[PDB]
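Read the structure below first, then the notes.
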There are 4 protein chains.
Amino acid sequence: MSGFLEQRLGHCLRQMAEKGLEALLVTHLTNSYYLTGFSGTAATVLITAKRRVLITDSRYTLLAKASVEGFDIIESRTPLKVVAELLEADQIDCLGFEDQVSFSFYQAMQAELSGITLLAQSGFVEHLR
Amino acid sequence: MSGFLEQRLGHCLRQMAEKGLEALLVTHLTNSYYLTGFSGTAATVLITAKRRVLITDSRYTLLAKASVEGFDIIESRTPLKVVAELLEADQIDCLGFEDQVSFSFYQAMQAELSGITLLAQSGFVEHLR
Amino acid sequence: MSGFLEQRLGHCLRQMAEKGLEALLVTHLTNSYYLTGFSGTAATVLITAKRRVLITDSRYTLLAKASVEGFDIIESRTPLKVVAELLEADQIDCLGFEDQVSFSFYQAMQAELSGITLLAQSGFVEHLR
Amino acid sequence: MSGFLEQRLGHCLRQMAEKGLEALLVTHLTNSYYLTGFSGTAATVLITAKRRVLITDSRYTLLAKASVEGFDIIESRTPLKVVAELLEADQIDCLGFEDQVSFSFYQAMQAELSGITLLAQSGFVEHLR
């Protein structure tokens with residue numbers, strides 16, 4: 001009798017723990033919806049053992065805050081700088097991300113995450129369902 | 001239209017020469033279509049000052065050789081392997097590609113194109129219109 | 001069967017993104033059935049990164065709504081008009097279609113889809129298998 | 001003494017590339033020192049064509065980050081889980097390792113690195129002098 005939505009996140013975290021993956025960036029819409037229940041076309045989700053963060057822009061901050069339970073909501077138009085700050089604050093040196101991101105988005109990640117070992121994941125959230 | 005396509009190619013080549021780009025890999029349909037008139041999504045195009053190559057699979061080989069002017073048509077299910085062989089043949093060690101490829105596709109590129117520096121472009125062909 | 005259906009669709013979507021195909025129109029039974037499990041010939045399927053739609057007529061609306069998971073069902077006897085509205089809404093100006101459509105159906109697309117580039121594919125859905 | 005370090009690492013990578021060795025695990029202080037200039041005995045080094053990683057614990061993280069050039073530094077007390085994630089992310093199937101590791105270390109590696117073909121090396125780093 002656990003929630004369908006919470007259970008999806010528990011399963012994500014258990015997968016991460018089994019793998020030793022300390023942090024997972026989720027950018028693709030069907031995957032972030034899968035984990036958060038949020039619709040909005042702009043959403044960057046960072047999950048660690050300790051943090052569950054939903055970063056969105058202006059258009060959607062109110063909506064998120066009034067609907068998404070169990071994620072800290074952060075308004076920002078440079079979501080990758082926010083990610084970099086969290087990994088630095090939490091002393092995390094590795095970041096999982098989706099291999100389906102565009103190369104341009106990968107360059108933006110390397111620009112902001114210097115020092116962080118980036119680990120492309122193939123179908124990570126896909127393989128949860 | 002035949003003329004219209006040769007002019008677009010000529011434009012592409014002039015911009016490449018202006019900027020010192022020796023070789024360009026086009027793998028997104030709107031841009032391969034722009035340069036070749038070929039509508040099929042199995043199209044890996046390689047352009048250099050010398051080469052105009054369209055790599056496709058057996059579903060399309062016959063039609064591409066009948067319908068695409070001024071491109072050499074190569075049939076392959078592993079077009080990045082053919083790309084490596086052409087670059088070796090011409091002694092080109094640097095390749096421009098489209099920044100909208102996925103990170104997954106970039107890793108396959110690195111797998112097949114050892115020794116080649118891969119340089120991502122934003123909207124290189126788009127910018128020709 | 002929805003497990004397998006969901007992976008097929010996921011594969012279709014990743015192939016389209018890799019090749020840069022923004023929208024795909026599926027109008028032949030074997031392929032709409034493969035992707036939706038819907039067996040009726042009255043089935044015009046439109047797939048984009050953001051949208052999955054199955055247009056059918058009133059013979060089939062109730063069943064389609066009950067049985068087709070993850071596709072929006074739209075009842076219309078003029079599917080191409082619905083297609084034009086959706087592509088306008090999402091600001092999509094290229095559309096892949098199956099090369100097995102009749103020439104008369106391609107002319108109907110040209111009439112209804114003004115300003116959209118129509119790109120014929122050979123066996124796109126078939127090649128997912 | 002960055003001069004010699006860059007040359008040694010250069011040599012290491014050329015030797016790997018000649019044998020076809022895609023990844024090398026260095027876990028003996030003499031050899032990680034020769035390659036990186038790092039001092040503590042908590043270091044697990046992973047070298048590939050694309051990745052240079054030094055994994056150590058939080059007693060050493062500040063130091064390594066301040067004084068090891070051209071390796072990314074990962075703080076972790078489960079270095080074999082990190083190795084597993086790196087090989088998964090990079091699609092590497094084979095890992096060379098030093099044949100002076102203990103049998104129990106080998107057992108732990110074999111059990112963690114499921115699916116990975118392990119390749120004992122005899123004096124790989126020592127032979128670079």
Side-chain angles (χ1 to χ4, degrees), chain B residues 1 4-5 8 24-45 54-68 73 75-80 97-109 112 120-126 129, chain C residues 7-28 30-31 34-35 45-50 83 87 90-103 105-110 113 115-129:
Chain B
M1 251 296 277
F4 276 100
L5 291 172
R8 293 165 177 184
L24 172 77
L25 185 70
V26 185
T27 59
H28 273 192
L29 181 60
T30 301
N31 299 318
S32 53
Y33 184 70
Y34 184 70
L35 293 171
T36 66
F38 182 79
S39 69
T41 53
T44 302
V45 168
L54 173 47
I55 304 158
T56 191
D57 62 58
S58 61
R59 293 177 284 175
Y60 290 111
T61 304
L62 274 162
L63 167 62
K65 291 174 176 317
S67 67
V68 180
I73 305 310
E75 177 176 298
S76 179
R77 292 290 228 100
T78 55
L80 294 180
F97 68 99
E98 291 187 281
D99 71 5
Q100 293 316 113
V101 307
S102 64
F103 188 78
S104 182
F105 185 82
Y106 182 79
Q107 289 179 297
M109 283 175 77
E112 293 301 345
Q121 307 305 313
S122 160
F124 188 97
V125 178
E126 294 89 331
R129 296 189 203 250
Chain C
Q7 100 208 11
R8 294 173 175 174
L9 174 62
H11 185 200
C12 184
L13 293 162
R14 292 185 319 264
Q15 286 297 295
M16 286 167 66
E18 179 182 338
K19 299 303 188 189
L21 180 59
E22 286 201 291
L24 173 67
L25 189 72
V26 173
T27 57
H28 290 76
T30 293
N31 306 321
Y34 183 76
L35 294 172
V45 172
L46 175 70
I47 302 177
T48 77
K50 298 169 264 14
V83 179
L87 297 177
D90 300 3
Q91 319 226 337
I92 287 181
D93 58 41
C94 294
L95 174 66
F97 71 96
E98 301 184 290
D99 66 3
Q100 297 311 114
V101 301
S102 66
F103 195 83
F105 184 82
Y106 175 79
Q107 287 178 296
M109 303 179 74
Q110 290 179 308
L113 316 172
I116 312 302
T117 302
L118 303 185
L119 305 160
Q121 303 312 311
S122 177
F124 189 89
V125 178
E126 290 88 339
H127 192 256
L128 301 176
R129 277 187 205 254

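The figures that follow rest on heavy atoms only: side chains count, while hydrogens, waters and symmetry mates do not. Residue numbers start from 1 in every chain, and the chains themselves are labelled A, B, ... in the order their sequence lines are given, proteins ahead of strands.
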Next on the checklist: How close do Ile73(B) and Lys65(B) get, counting heavy atoms only, and between which atoms?
Outcome noted: O-NZ, 3.4 Å
Checklist outcome for this item: Smallest heavy-atom separation, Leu9(C) atom then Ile47(C) atom, equals CD1-CD1, 4.0 Å
Checklist entry - Going through the checks in order, is the side-chain hydrogen bond (donor to acceptor under 3.5 Å, both in side chains) test met by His28(C) and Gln100(C)? => result CA-CA 8 Å; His28(C) 290 76; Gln100(C) 297 311 114; over 6 Å; no
Min side-chain heavy-atom separation [X]-[Y] under 4.5 Å:
X	Y	value
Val45(B)	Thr27(B)	no
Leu25(B)	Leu80(B)	yes
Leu95(C)	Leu113(C)	yes

Next on the checklist: I'd like to verify something: which residue of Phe38(B), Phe105(B), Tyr60(B) has the highest number of heavy-atom pairs under 4.5 Å with chain C?
Outcome noted: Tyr60(B)
Checklist entry - Of all of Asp57(B), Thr41(B), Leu29(B), which one pairs up most often with chain C through heavy atoms under 4.5 Å apart? => result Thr41(B)
Next on the checklist: Heavy-atom cut-off 4.5 Å, strictly under: side chain, backbone, both or neither for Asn31(B) against chain C?
Outcome noted: neither
Checklist entry - Which bit of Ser102(B) comes within less than 4.5 Å of chain C, counting heavy atoms only: side chain, backbone, both or neither? => result neither
Checklist entry - Just by distance, do the side chain of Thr56(B) and the backbone of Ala42(B) share a donor-acceptor pair under 3.5 Å? => result yes
Item to check | Inter-chain contacts: residues 119-129 of chain C against chain B, heavy atoms under 4.5 Å | outcome: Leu119(C), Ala120(C), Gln121(C), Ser122(C), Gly123(C), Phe124(C), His127(C)
Next on the checklist: Rounded at 0.5 Å granularity, tell me how far OG in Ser39(B) sits from CG in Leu118(C).
Outcome noted: 10.0 Å
